[PDB]
Amino acid sequence: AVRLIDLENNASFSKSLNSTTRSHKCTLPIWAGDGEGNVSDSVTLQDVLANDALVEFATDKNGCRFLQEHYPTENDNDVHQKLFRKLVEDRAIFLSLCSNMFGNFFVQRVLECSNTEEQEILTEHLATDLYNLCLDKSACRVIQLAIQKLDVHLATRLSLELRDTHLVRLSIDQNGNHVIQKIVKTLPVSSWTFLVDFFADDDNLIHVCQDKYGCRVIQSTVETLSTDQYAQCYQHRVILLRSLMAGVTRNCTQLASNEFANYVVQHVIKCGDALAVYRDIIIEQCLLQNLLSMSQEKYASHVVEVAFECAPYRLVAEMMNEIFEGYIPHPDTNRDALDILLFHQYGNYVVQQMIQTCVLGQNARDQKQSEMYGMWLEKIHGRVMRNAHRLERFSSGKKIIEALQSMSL
RNA sequence: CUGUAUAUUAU
């Protein structure tokens, strides 16, 4: 037959007729309004496409919910294809809808129903201004659902977009921190090795770690790098983990005695497998010669506890001696570290851990370890009987006396 | 006499 070439009609000014609304809070156009701001009936799905009012419905709560409740799940439906096309025809419209309090949800629903052909277009649009969408409270979600749902090369492309950016700001950010954590917990290590290269700087590692949000980021990074059990002796993550833990090790005194970093240091000590060497170094370098000081602190006390709880005997022995015979008795009060820690609002908890450690280490394979734990527990029991009358007054002293109750050798 | 953190994105 003959060639026919249908060109779309312009419909320029008639788009702005969607600007007129029932109220000023709602952005839903008045042709689709109850008058109470609720979505009208007989609005179908095709009247949205016919009026170019996808954006106006998506910026209204009821409108967007309607789009979500009635979006076609199957990729081969023409209505799904046309609504997706009207979503991604303009990059700026799509990225403003990603940055909308009510629009973000629609993008997410498209991400829930996506195939690879749609995912490529979405990944390009998101990668255009990924860093600022990560900074946004609404888009941050869209970005995280992308990291969950996109194919691994696409999510790799999004992650590597953030390579030479101000990663310190994005990590301490209220919203982009969860994006970085989702990247770390979801994607293979090659997709975010630049993060490990970033936190090899000690200044970047300290600032981010010492932050209400960054702390969990660095922690999530370590957790994932340590969770390797056994590989093919490739020692890759190992080389990367070392690059990170090194700064952690180099500044463990400052990061242990800190509001948020304390948890990371603990995680290390709690980790055991593949981080036991770094646990040992943190105990050796930040904690020993400073146990009485850090057990009197609000934050570092927990570190001293997790240490006494997970430390190996070879180190526990040193920790115990430092407390029992490591400090010079106070000039005026003639008080030992235990004496000071026994009646401390925080130190009491440490002594209790020390008692636990000694009780659990009596059931050890080595009889000499059992003898040394029994001796340490005897030293604790001796100071507690010396101070028992004052210890009955306290809840902690009741716990301590109950802990040393009917004990073995 | 008890001690620390981790978005409730829907005007």
# chains A, B, ... in the order shown; residues from 1 in each chain; ligands from 1
$ interface_residues --of "chain A" --to "chain B" --cutoff "8 Å" --atoms "only C-alpha atoms (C1' of nucleotides)" --output "VMD selection string"
chain A and resid 25 to 26 61 101 to 102 137 to 138 141 174 to 175 212 to 213 216 259 to 260 298 to 299 345 to 346 394 to 396
$ residues_around --residues "residue 353 in chain A" --least-positions-apart "5" --cutoff "10 Å" --atoms "only C-alpha atoms (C1' of nucleotides)" --output "list in words"
residues 302, 304, 305, 306, 307, 308, 309, 347, 348, 358 and 359 of chain A
$ residues_around --residues "range 129-133 of chain A" --least-positions-apart "5" --cutoff "12 Å" --atoms "only C-alpha atoms (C1' of nucleotides)" --output "mmCIF file with N, CA, C and O atoms, in the first residue's frame"
data_model
loop_
_atom_site.group_PDB
_atom_site.id
_atom_site.type_symbol
_atom_site.label_atom_id
_atom_site.label_comp_id
_atom_site.auth_asym_id
_atom_site.auth_seq_id
_atom_site.Cartn_x
_atom_site.Cartn_y
_atom_site.Cartn_z
ATOM 1 N N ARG A 91 13.011 14.035 30.874
ATOM 2 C CA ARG A 91 13.882 13.729 32.001
ATOM 3 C C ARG A 91 13.556 14.597 33.210
ATOM 4 O O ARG A 91 13.521 14.100 34.340
ATOM 5 N N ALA A 92 13.320 15.896 32.987
ATOM 6 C CA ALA A 92 13.077 16.821 34.092
ATOM 7 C C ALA A 92 11.759 16.524 34.794
ATOM 8 O O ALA A 92 11.681 16.595 36.027
ATOM 9 N N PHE A 94 10.345 13.508 34.896
ATOM 10 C CA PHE A 94 10.586 12.264 35.628
ATOM 11 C C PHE A 94 11.368 12.498 36.916
ATOM 12 O O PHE A 94 11.058 11.900 37.951
ATOM 13 N N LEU A 95 12.392 13.350 36.873
ATOM 14 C CA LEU A 95 13.203 13.568 38.065
ATOM 15 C C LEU A 95 12.491 14.448 39.085
ATOM 16 O O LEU A 95 12.762 14.334 40.286
ATOM 17 N N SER A 96 11.594 15.333 38.639
ATOM 18 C CA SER A 96 10.755 16.058 39.588
ATOM 19 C C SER A 96 9.735 15.130 40.235
ATOM 20 O O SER A 96 9.418 15.283 41.420
ATOM 21 N N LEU A 97 9.210 14.163 39.472
ATOM 22 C CA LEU A 97 8.303 13.174 40.050
ATOM 23 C C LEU A 97 9.028 12.222 40.993
ATOM 24 O O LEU A 97 8.423 11.729 41.951
ATOM 25 N N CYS A 98 10.302 11.928 40.721
ATOM 26 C CA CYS A 98 11.123 11.224 41.700
ATOM 27 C C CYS A 98 11.316 12.064 42.954
ATOM 28 O O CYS A 98 11.292 11.538 44.070
ATOM 29 N N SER A 99 11.376 13.382 42.776
ATOM 30 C CA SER A 99 11.584 14.288 43.934
ATOM 31 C C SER A 99 10.248 14.858 44.421
ATOM 32 O O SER A 99 10.240 16.009 44.891
ATOM 33 N N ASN A 100 9.168 14.082 44.316
ATOM 34 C CA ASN A 100 7.845 14.545 44.811
ATOM 35 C C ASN A 100 7.415 13.690 46.000
ATOM 36 O O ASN A 100 7.664 12.473 45.974
ATOM 37 N N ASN A 104 6.992 9.942 44.212
ATOM 38 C CA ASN A 104 7.994 8.870 44.416
ATOM 39 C C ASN A 104 7.289 7.518 44.376
ATOM 40 O O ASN A 104 7.824 6.592 43.751
ATOM 41 N N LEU A 122 15.104 3.943 32.919
ATOM 42 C CA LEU A 122 15.027 4.448 34.287
ATOM 43 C C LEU A 122 16.418 4.651 34.875
ATOM 44 O O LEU A 122 16.666 5.648 35.562
ATOM 45 N N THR A 123 17.341 3.730 34.586
ATOM 46 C CA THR A 123 18.696 3.830 35.111
ATOM 47 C C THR A 123 19.426 5.031 34.530
ATOM 48 O O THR A 123 20.143 5.730 35.255
ATOM 49 N N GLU A 124 19.224 5.303 33.233
ATOM 50 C CA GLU A 124 19.836 6.483 32.619
ATOM 51 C C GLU A 124 19.305 7.774 33.244
ATOM 52 O O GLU A 124 20.090 8.661 33.634
ATOM 53 N N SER A 138 12.456 11.938 49.456
ATOM 54 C CA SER A 138 11.490 11.113 48.693
ATOM 55 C C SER A 138 12.232 10.232 47.692
ATOM 56 O O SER A 138 11.968 9.021 47.664
ATOM 57 N N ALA A 139 13.139 10.820 46.916
ATOM 58 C CA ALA A 139 13.857 10.055 45.873
ATOM 59 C C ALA A 139 14.752 9.004 46.522
ATOM 60 O O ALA A 139 14.892 7.915 45.949
ATOM 61 N N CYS A 140 15.330 9.323 47.676
ATOM 62 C CA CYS A 140 16.266 8.372 48.315
ATOM 63 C C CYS A 140 15.628 6.988 48.259
ATOM 64 O O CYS A 140 16.342 6.023 47.954
ATOM 65 N N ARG A 141 14.325 6.908 48.519
ATOM 66 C CA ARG A 141 13.619 5.609 48.459
ATOM 67 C C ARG A 141 13.702 5.068 47.033
ATOM 68 O O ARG A 141 14.199 3.948 46.851
ATOM 69 N N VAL A 142 13.222 5.842 46.065
ATOM 70 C CA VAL A 142 13.263 5.417 44.666
ATOM 71 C C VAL A 142 14.636 4.848 44.323
ATOM 72 O O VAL A 142 14.736 3.785 43.692
ATOM 73 N N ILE A 143 15.706 5.516 44.776
ATOM 74 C CA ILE A 143 17.065 5.049 44.489
ATOM 75 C C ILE A 143 17.327 3.696 45.150
ATOM 76 O O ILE A 143 17.923 2.801 44.540
ATOM 77 N N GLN A 144 16.852 3.511 46.386
ATOM 78 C CA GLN A 144 17.060 2.243 47.091
ATOM 79 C C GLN A 144 16.266 1.105 46.458
ATOM 80 O O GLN A 144 16.754 -0.032 46.388
ATOM 81 N N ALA A 146 15.566 1.014 43.315
ATOM 82 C CA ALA A 146 16.354 0.747 42.115
ATOM 83 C C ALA A 146 17.523 -0.185 42.420
ATOM 84 O O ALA A 146 17.739 -1.171 41.709
ATOM 85 N N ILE A 147 18.257 0.085 43.506
ATOM 86 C CA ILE A 147 19.387 -0.766 43.893
ATOM 87 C C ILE A 147 18.918 -2.181 44.234
ATOM 88 O O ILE A 147 19.614 -3.166 43.947
ATOM 89 N N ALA A 155 22.517 -1.412 38.362
ATOM 90 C CA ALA A 155 22.770 -0.903 39.705
ATOM 91 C C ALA A 155 24.248 -0.599 39.913
ATOM 92 O O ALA A 155 24.586 0.327 40.660
ATOM 93 N N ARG A 157 26.088 0.613 37.455
ATOM 94 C CA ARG A 157 26.209 1.910 36.791
ATOM 95 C C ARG A 157 25.774 3.045 37.712
ATOM 96 O O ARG A 157 26.465 4.074 37.815
ATOM 97 N N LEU A 158 24.645 2.854 38.409
ATOM 98 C CA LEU A 158 24.177 3.865 39.359
ATOM 99 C C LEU A 158 25.175 4.074 40.489
ATOM 100 O O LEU A 158 25.493 5.217 40.834
ATOM 101 N N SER A 159 25.696 2.982 41.057
ATOM 102 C CA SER A 159 26.648 3.083 42.161
ATOM 103 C C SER A 159 27.914 3.817 41.736
ATOM 104 O O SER A 159 28.339 4.772 42.399
ATOM 105 N N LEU A 160 28.473 3.442 40.579
ATOM 106 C CA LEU A 160 29.694 4.060 40.072
ATOM 107 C C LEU A 160 29.488 5.497 39.603
ATOM 108 O O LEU A 160 30.484 6.202 39.391
ATOM 109 N N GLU A 161 28.233 5.941 39.410
ATOM 110 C CA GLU A 161 27.990 7.374 39.222
ATOM 111 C C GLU A 161 28.431 8.207 40.419
ATOM 112 O O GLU A 161 28.820 9.370 40.252
ATOM 113 N N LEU A 162 28.392 7.634 41.622
ATOM 114 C CA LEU A 162 28.715 8.343 42.850
ATOM 115 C C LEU A 162 30.203 8.315 43.177
ATOM 116 O O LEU A 162 30.567 8.542 44.333
ATOM 117 N N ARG A 163 31.064 8.048 42.190
ATOM 118 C CA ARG A 163 32.460 7.708 42.467
ATOM 119 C C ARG A 163 33.249 8.913 42.971
ATOM 120 O O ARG A 163 33.820 8.882 44.066
ATOM 121 N N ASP A 164 33.294 9.987 42.186
ATOM 122 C CA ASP A 164 34.102 11.154 42.514
ATOM 123 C C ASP A 164 33.280 12.255 43.174
ATOM 124 O O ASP A 164 33.592 13.441 43.030
ATOM 125 N N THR A 165 32.235 11.879 43.903
ATOM 126 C CA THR A 165 31.340 12.819 44.556
ATOM 127 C C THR A 165 31.757 13.046 46.008
ATOM 128 O O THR A 165 32.647 12.379 46.541
ATOM 129 N N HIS A 166 31.079 13.997 46.656
ATOM 130 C CA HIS A 166 31.320 14.311 48.068
ATOM 131 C C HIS A 166 30.685 13.229 48.937
ATOM 132 O O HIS A 166 29.637 13.416 49.562
ATOM 133 N N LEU A 167 31.350 12.066 48.970
ATOM 134 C CA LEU A 167 30.813 10.879 49.629
ATOM 135 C C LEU A 167 30.724 11.045 51.137
ATOM 136 O O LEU A 167 29.925 10.358 51.784
ATOM 137 N N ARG A 169 29.699 13.853 52.674
ATOM 138 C CA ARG A 169 28.409 14.518 52.857
ATOM 139 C C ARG A 169 27.249 13.551 52.679
ATOM 140 O O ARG A 169 26.302 13.549 53.474
ATOM 141 N N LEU A 170 27.307 12.722 51.636
ATOM 142 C CA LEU A 170 26.235 11.778 51.352
ATOM 143 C C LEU A 170 26.152 10.683 52.410
ATOM 144 O O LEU A 170 25.059 10.177 52.695
ATOM 145 N N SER A 171 27.288 10.315 53.006
ATOM 146 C CA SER A 171 27.285 9.296 54.047
ATOM 147 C C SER A 171 26.757 9.840 55.370
ATOM 148 O O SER A 171 26.051 9.129 56.093
ATOM 149 N N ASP A 173 24.631 12.243 55.504
ATOM 150 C CA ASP A 173 23.297 12.748 55.207
ATOM 151 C C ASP A 173 22.224 11.854 55.821
ATOM 152 O O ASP A 173 22.390 10.636 55.923
ATOM 153 N N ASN A 175 19.427 10.985 54.579
ATOM 154 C CA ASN A 175 18.703 10.181 53.603
ATOM 155 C C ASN A 175 19.600 9.322 52.722
ATOM 156 O O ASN A 175 19.272 8.160 52.473
ATOM 157 N N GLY A 176 20.733 9.854 52.253
ATOM 158 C CA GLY A 176 21.600 9.112 51.350
ATOM 159 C C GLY A 176 22.424 8.024 52.003
ATOM 160 O O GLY A 176 23.000 7.183 51.298
ATOM 161 N N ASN A 177 22.492 8.035 53.337
ATOM 162 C CA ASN A 177 23.208 7.001 54.069
ATOM 163 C C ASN A 177 22.562 5.637 53.854
ATOM 164 O O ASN A 177 23.259 4.634 53.668
ATOM 165 N N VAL A 179 20.838 4.819 51.262
ATOM 166 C CA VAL A 179 21.145 4.478 49.872
ATOM 167 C C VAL A 179 22.503 3.788 49.779
ATOM 168 O O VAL A 179 22.644 2.742 49.128
ATOM 169 N N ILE A 180 23.515 4.366 50.439
ATOM 170 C CA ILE A 180 24.860 3.789 50.439
ATOM 171 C C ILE A 180 24.863 2.416 51.109
ATOM 172 O O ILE A 180 25.489 1.467 50.614
#
$ residues_around --residues "residue 267 in chain A" --least-positions-apart "4" --cutoff "10 Å" --atoms "only C-alpha atoms (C1' of nucleotides)" --output "VMD selection string"
chain A and resid 219 to 220 222 to 223 262 to 263 271 to 272 275 279 303 306
$ residues_around --residues "range 40-57 of chain A" --least-positions-apart "4" --cutoff "7 Å" --atoms "only C-alpha atoms (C1' of nucleotides)" --output "list in words"
residues 15, 18, 27, 28, 29, 32, 33, 34, 63, 64 and 83 of chain A
$ write_last_selection --atoms "N, CA and C atoms" --output "compact mmCIF listing (two decimals), in the first residue's frame"
# COMPACT_ATOMS: atom_id res chain seq x y z
N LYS A 15 -2.60 21.42 27.67
CA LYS A 15 -1.99 20.79 28.83
C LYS A 15 -2.16 21.66 30.08
N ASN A 18 -4.94 21.48 32.73
CA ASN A 18 -4.79 20.65 33.92
C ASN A 18 -4.28 21.43 35.13
N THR A 27 -3.34 19.15 43.78
CA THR A 27 -2.95 19.48 42.41
C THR A 27 -3.75 18.70 41.38
N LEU A 28 -4.71 17.88 41.84
CA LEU A 28 -5.58 17.13 40.96
C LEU A 28 -6.42 18.08 40.12
N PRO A 29 -6.53 17.87 38.80
CA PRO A 29 -7.32 18.77 37.97
C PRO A 29 -8.81 18.63 38.26
N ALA A 32 -11.33 15.87 37.17
CA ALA A 32 -11.29 14.57 37.82
C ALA A 32 -11.51 14.66 39.33
N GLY A 33 -12.18 15.70 39.80
CA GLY A 33 -12.35 15.95 41.22
C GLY A 33 -13.77 15.75 41.67
N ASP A 34 -13.94 15.14 42.85
CA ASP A 34 -15.24 15.11 43.52
C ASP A 34 -15.69 16.49 43.96
N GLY A 63 -4.76 11.13 43.64
CA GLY A 63 -4.46 10.86 42.22
C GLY A 63 -3.39 9.80 42.08
N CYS A 64 -2.28 9.96 42.80
CA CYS A 64 -1.16 8.99 42.68
C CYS A 64 -1.63 7.62 43.15
N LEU A 83 1.58 4.76 29.83
CA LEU A 83 1.83 5.47 31.08
C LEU A 83 3.32 5.56 31.39
$ residues_around --residues "residue 404 in chain A" --least-positions-apart "4" --cutoff "9 Å" --atoms "only C-alpha atoms (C1' of nucleotides)" --output "list in words"
residues 355, 359, 377, 380, 381, 399 and 400 of chain A
$ residues_around --residues "residue 257 in chain A" --least-positions-apart "6" --cutoff "8 Å" --atoms "only C-alpha atoms (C1' of nucleotides)" --output "ChimeraX atom specification"
/A:294,297,299-300
$ atom_distance --atom1 "CA of residue 240 in chain A" --atom2 "CA of residue 196 in chain A"
6.6 Å
$ atom_distance --atom1 "CA of residue 84 in chain A" --atom2 "CA of residue 69 in chain A"
15.2 Å
